[PDB]
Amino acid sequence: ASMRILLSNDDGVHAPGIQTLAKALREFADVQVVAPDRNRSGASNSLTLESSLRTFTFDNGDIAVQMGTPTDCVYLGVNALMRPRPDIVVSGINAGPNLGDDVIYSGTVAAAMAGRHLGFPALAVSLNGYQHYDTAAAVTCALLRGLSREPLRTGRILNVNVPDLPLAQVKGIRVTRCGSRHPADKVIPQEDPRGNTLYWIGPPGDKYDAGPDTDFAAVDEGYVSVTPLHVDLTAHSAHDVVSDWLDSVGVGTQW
């Protein structure tokens, strides 16, 4: 009768986002934290395959995985560290948005995606700023109460982006689709003291597809954005064009 939540993030176990959320969730749910030991923004859906992973348990039960990715954390949490397995994965609250085509790089999104085969759809929660963690926590709690009110029948992952506003100013929720950007192109070089050039990944590309039905627009307008995600990367609409193309260029056929 009580929800059992595996809580992770990509900011790391000590981040205000995850700690604020953990506090809110523990009011009405059982919560196990399994999270990276440090900041893994940009970890996307990476997994540690070449080495075994070391865990550390804090006094309050929180588990940190040393050099663990967000996916590593959920993998260990679901398969080894929680008995019995969790009802759900919640990942967040992230410091900063996970919108549009940025989502494939997101560690926060990835931890949620790793929980896609559990009893409840996974939640990835990101704040569009750094101030109103309480607002994002309230939205998450509402969603979780929601999921115990009626089953959500389709969608294994919800990507939630919350405006960085006091709760009273959040206008509502929009169900959205992922927008997109032009390709990022600006690298930031910086010389080391020996005059060798090192390279920083620069800013994202300008918004391309950010119209009224997108996650970008919803957040800009002061709404919580909720996008259902899946892991199928197939571009189904391209099927026939590719097939005809192959025949036309004679690849895979003699004639």
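All residue numbers refer to positions in the sequence shown, first residue = 1.
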Exercise for review: Report the stretch with the higher mean CA temperature factor, choosing between 65-73 and 192-200 on the basis of the entry.
Suggested key: 192-200
Exercise for review: Higher average CA B factor in the deposited record is what I'm after, so tell me if that's 174-182 or 118-126.
Suggested key: 174-182
**Study point:** Candidate residues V162, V89, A110, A168, the one whose C-alpha B factor the record puts highest
**Key:** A168
Practice item. Give the position of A29 by CA B-factor within its chain, expressed as the lowest, middle or highest third. Key: highest
Point to revise | Modelled-residue ranking by C-alpha temperature factor, third containing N39 | key: highest
Practice item. Would you check the entry's CA temperature factor for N94 and let me know if it's in the chain's lowest, middle or highest third? Key: lowest
Check your understanding: C-alpha B factor of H230, ranked within the chain: lowest, middle or highest third?
Key -> lowest
Practice item. Sort the modelled residues of this chain by their C-alpha B factor and say whether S46 lands in the lowest, middle or highest third. Key: lowest
